[PDB]
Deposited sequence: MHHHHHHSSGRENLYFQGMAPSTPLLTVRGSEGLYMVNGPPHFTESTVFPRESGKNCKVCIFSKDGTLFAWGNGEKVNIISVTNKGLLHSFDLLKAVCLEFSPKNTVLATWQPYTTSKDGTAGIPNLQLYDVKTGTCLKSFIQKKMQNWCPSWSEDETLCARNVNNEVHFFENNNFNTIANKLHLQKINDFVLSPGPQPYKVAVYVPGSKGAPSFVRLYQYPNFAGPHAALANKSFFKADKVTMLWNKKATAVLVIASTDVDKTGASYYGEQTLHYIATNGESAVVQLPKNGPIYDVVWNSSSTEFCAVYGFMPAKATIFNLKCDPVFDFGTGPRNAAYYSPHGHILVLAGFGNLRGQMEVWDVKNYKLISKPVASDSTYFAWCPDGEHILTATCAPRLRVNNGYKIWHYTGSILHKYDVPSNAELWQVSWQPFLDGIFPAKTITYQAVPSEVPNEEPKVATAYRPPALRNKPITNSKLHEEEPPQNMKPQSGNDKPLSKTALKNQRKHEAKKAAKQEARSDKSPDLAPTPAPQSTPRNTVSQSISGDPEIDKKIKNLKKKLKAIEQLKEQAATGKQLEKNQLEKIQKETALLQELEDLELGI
């Protein structure tokens, strides 16, 4: 029942059984994976799509078998809709055929195509239940209901909207929208509940801030709050915006960059990694008060386990790859494993194992991956031969609530 790994590189695409076996998986024939430029699992990990730039294949991971071959589909990017109804595909716009193509997974027919010139945020945003699908079109948000893409159900027009995120979980869905503002005016993030956009008291919340080059909005799993990172790795501010209408600048008690901000899956805590090296890391509660301080370290990244019971404070990029593994139930350091030269980190959905990889193009030497236990043991590793590259390693995803949050003993 352990999550699979997909390994995509010059030696081709293959799958590996998860811990503790790490045997090559018969779910995926290596033969089918040459020159693989893109691959993705569905959110529930039951479907898998891959393309070589000439074609796209869809297989069932669970009910092993090819579902579709799209023999002329030159997809560069792929994403399934959250309940597996749709495979969204993107290729560069040329001339021009609509380049964003949504395929019905059951029938392999084309549900809808759109012009999507920018690769950034190319994919439509489904609600977790797929009852809602939104696109940022001409700086407005267009909403589609029930995968009916022939009629726009609702439009959100608010000056120019540059980005939006839908709240996760069940209905009613909320949306956070980022409005940069007119020249010389402050930016803001506003929260709405779909479809209540009209009237002077429609907005759940508003937080204004001085224009930034880059804004990231992060919902909590309970859809009660958004963290907003307003950024130019230097010069960021962190804003908290709650669906109850409370908003605040988060007070980070050390000058310098904000490297990372992540929610606990509990939705009542978040972690910020901040300040000129050595970076501070702090857990905050919904009052944006410090809950626990990790002091300082060689960190620029934070990763909660899916269950939110373990926190890794890691230093990747230009740092030496130290991963401080914290028990964040007991607030105890478990381990400080070192994943030198890592370009990629991901928790296993089991909340026990960790994938680190070194991939081209971010790094051209020492390509390979390691599977860790969070206690710092190396359970599995693979190094590519000198004449080979690794491009991607990823876990088979699983929906929350399938793997238990195993006690740290």
* Structure fact -> Check: deposited residues absent from the model (no CA) fall at 1-21, 117-122, 260-268, 446-603
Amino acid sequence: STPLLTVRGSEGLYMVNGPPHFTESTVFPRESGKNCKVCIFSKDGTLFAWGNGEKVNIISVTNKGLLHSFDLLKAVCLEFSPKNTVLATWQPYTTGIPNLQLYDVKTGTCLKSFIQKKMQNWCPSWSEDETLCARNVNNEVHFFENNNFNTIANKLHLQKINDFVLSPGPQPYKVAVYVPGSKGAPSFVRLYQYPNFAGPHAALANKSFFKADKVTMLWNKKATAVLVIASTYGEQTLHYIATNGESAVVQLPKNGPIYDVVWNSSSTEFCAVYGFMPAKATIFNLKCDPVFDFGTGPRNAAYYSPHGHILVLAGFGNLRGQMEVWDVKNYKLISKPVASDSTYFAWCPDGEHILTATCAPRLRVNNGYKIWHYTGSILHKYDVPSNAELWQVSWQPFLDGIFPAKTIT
From here on, numbers count along this sequence of modelled residues.
* **Between the two ranges 63-71 and 351-359, the one averaging a larger CA B factor in the entry** => 63-71
* Out of 179-187 and 214-222, which one has CA B-factors that are higher on average in the deposited record? -> 179-187
* Per the PDB entry, which option out of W90, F144, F316, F80 has the greatest Cα B factor? -> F316
* From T375, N57, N367, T46, residue of greatest CA B-factor -> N367
* **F398 - Cα temperature factor, lowest/middle/highest third of chain** => lowest
* To do: Compare the C-alpha B factor of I310 with those of the other modelled residues in its chain, then answer lowest, middle or highest third.
  => lowest
* Structure fact -> Of the three thirds of the chain ranked by Cα temperature factor, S342 occupies the middle
* If you rank every modelled residue in this chain by C-alpha B factor, which third holds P124: lowest, middle or highest? -> lowest
* Asked: By the record's CA B-factor, is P195 among the lowest, middle or highest third of residues in the chain?
  -> lowest
